[PDB]
Chemist: 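Once you've had a glance at the structure underneath, I'll fire off some questions.
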Amino acid sequence: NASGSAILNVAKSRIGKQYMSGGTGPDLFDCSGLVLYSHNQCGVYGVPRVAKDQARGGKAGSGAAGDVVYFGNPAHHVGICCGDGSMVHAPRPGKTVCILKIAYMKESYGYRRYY
């Protein structure tokens, strides 16, 4: 899907940007801020601000490019699916935005779709 790929491309564009609690871009990100930025930049409105709400909004996803992957219920972490088992995410204070295999989180996860 083209909108999905667009959200992914915006997320990828932020690879290397520093983590900051409260960051939604363009230069500093928390996990849910990266998600929010990536959608907003593509005109995909309606995405909530924090991880726990992003996990509950939109519709069920499949893990295709641009879907939101969330971790836990209530969710404490999110990323943007690459569509290949990996995600773009803002990991934690002291890391930068990067790609990580979703399985490496070693915890419960699901997918939402906002496009």
Side-chain angles (χ1 to χ4, degrees), residues 1-51 53-55 57-100 102-105 107-115:
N1 178 284
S3 279
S5 292
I7 293 160
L8 175 64
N9 273 289
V10 175
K12 287 177 161 190
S13 78
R14 303 304 97 178
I15 289 161
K17 298 296 194 194
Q18 301 288 326
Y19 188 99
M20 192 197 74
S21 299
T24 75
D27 291 309
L28 299 165
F29 293 94
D30 63 29
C31 70
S32 54
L34 180 66
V35 168
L36 178 57
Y37 177 82
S38 298
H39 287 81
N40 278 350
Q41 289 288 115
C42 295
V44 182
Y45 304 126
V47 180
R49 174 62 186 94
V50 296
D53 297 332
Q54 293 177 348
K59 65 181 154 161
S62 64
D67 284 357
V68 178
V69 54
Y70 59 85
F71 299 90
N73 176 2
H76 71 94
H77 192 73
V78 290
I80 297 295
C81 296
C82 303
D84 66 354
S86 298
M87 62 179 176
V88 191
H89 75 141
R92 52 168 177 77
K95 274 184 73 64
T96 55
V97 176
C98 66
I99 294 179
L100 184 68
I102 290 165
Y104 295 177
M105 295 289 289
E107 65 181 301
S108 177
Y109 65 99
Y111 305 118
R112 312 300 294 171
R113 176 165 302 163
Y114 284 90
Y115 59 93

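Position 1 is the first residue of the sequence; numbering continues from there.
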Chemist: Please give me the minimum heavy-atom distance between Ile80 and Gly66, naming the atom from each residue.
Modeler: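 Heavy atoms only, the tightest pair is CG2-CA, 4.0 Å.
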Chemist: Quick one: pull up CG in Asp53 and CG in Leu36 and give me the separation to the nearest 0.5 Å.
Modeler: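 Those atoms lie 11.5 Å apart.
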Chemist: Between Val44 and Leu34, is there a shared hydrophobic cluster once you connect ILVMFWY residues whose side-chain heavy atoms come closer than 4.5 Å?
Modeler: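 Yes, it is one cluster - the side chains of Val44 and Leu34 are joined through contacts under 4.5 Å.
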Chemist: Identify the two heavy atoms, one from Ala75 and one from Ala51, that lie closest to each other, and give their separation to 0.1 Å.
Modeler: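 Reported closest heavy-atom pair: CB-O, 3.8 Å.
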Chemist: Evaluate side chain to side chain contact (heavy atoms under 4.5 Å, CB included) for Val78 paired with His89, printing each intermediate quantity in order.
Modeler: CA-CA 7 Å; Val78 290; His89 75 141; over 6 Å; no
Chemist: Does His76 form a side-chain hydrogen bond (donor to acceptor under 3.5 Å, both in side chains) with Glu107? I'd like the steps, not just the answer.
Modeler: CA-CA 11 Å; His76 71 94; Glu107 65 181 301; 2.7 Å; yes
Chemist: Does anything in residues 87-100 pair up under salt bridge (charged side-chain N to carboxylate O under 4.0 Å, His left out), and if so which pairs, sequence neighbours excluded?
Modeler: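 Found none.
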Chemist: Going by the side chain to side chain donor-acceptor pair (under 3.5 Å) test, name the single residue among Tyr114, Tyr111, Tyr115 that passes it with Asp67.
Modeler: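 In the set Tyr114, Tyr111, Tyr115, the residue that makes a side chain to side chain donor-acceptor pair (under 3.5 Å) with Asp67 is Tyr115.
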Chemist: For the side chain of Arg113 and the backbone of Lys59, is there at least one donor-acceptor N/O pair under 3.5 Å apart?
Modeler: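 Looks like no, no N/O pair under 3.5 Å.
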Chemist: Is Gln54 reaching over with its side chain to a backbone N or O of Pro48, donor-acceptor style, under 3.5 angstrom?
Modeler: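 A pair under 3.5 Å: yes.
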Chemist: Got a donor-acceptor contact below 3.5 angstrom from the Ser13 side chain to the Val10 backbone?
Modeler: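 Here the side-chain-to-backbone pair exists.
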Chemist: Please, which pairs that meet salt bridge (charged side-chain N to carboxylate O under 4.0 Å, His left out) have at least one residue in residues 7-33, sequence neighbours excluded?
Modeler: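 For residues 7-33: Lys17-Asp27, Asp30-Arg49.
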Chemist: Kindly give the heavy-atom pair with the smallest separation between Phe29 and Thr24, and that separation in Å.
Modeler: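 Looking at all heavy atoms of both residues, the shortest contact is CE2-C, 3.6 Å.
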Chemist: Which value, rounded to the nearest 0.5 Å, describes the distance between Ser3 atom OG and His39 atom NE2?
Modeler: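 The OG atom of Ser3 sits 9.5 Å away from the NE2 atom of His39.
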Chemist: Contact between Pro91 and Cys98 at the side-chain level, heavy atoms closer than 4.5 Å - yes or no?
Modeler: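 Yes, side chains in contact.
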